[PDB]
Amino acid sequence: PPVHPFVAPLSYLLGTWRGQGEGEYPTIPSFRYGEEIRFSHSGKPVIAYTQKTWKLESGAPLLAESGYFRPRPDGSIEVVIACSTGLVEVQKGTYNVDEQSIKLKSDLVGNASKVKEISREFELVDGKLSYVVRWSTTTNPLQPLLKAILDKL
């Protein structure tokens, strides 16, 4: 199917990406992980997102998440994500075509009593997908949790 006009501005996402990231947070010593993301579509105004992470040494599975990105021609976007840990997120924000960036903040975090807000920001940098995920909790203001850079395969 052809790319829907609402998806076309984010067509640079479509494909598979692999790289690595790092986590850290006040309660949590730093950790590293491998990551793969696939963005795909079926001609609708939606991009399917699927992700997985693993241990760098061994390739042992860690976590997974999946969901859907819904861009609109005014530059707005909403994203819904379910995670293997049992969290869900409703993310809303904007994409910028000149910067090839997407900036999202949660409207809702479900099933995760301690995390309050989550933000996710993506940017294409020299053709690589970078992101930052920030979390807040009741006692920790919004701050980085995860950062990763992935190459397009």
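The first residue of the shown sequence is 1; numbering continues from there.
Stretches compared: 94-102, 34-42. Higher mean C-alpha B-factor in the entry: 94-102. Once the C-alpha B-factors are averaged per stretch, 104-112 and 22-30 rank with 22-30 first. Sorting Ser119, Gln51, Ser84, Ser58 by the CA temperature factor given in the entry leaves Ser58 at the top. In the deposited entry, the Cα temperature factor of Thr138 places it in the highest third of its chain's modelled residues.
For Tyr12, the recorded CA B-factor ranks within the highest third of the chain. Only modelled residues enter the ranking.
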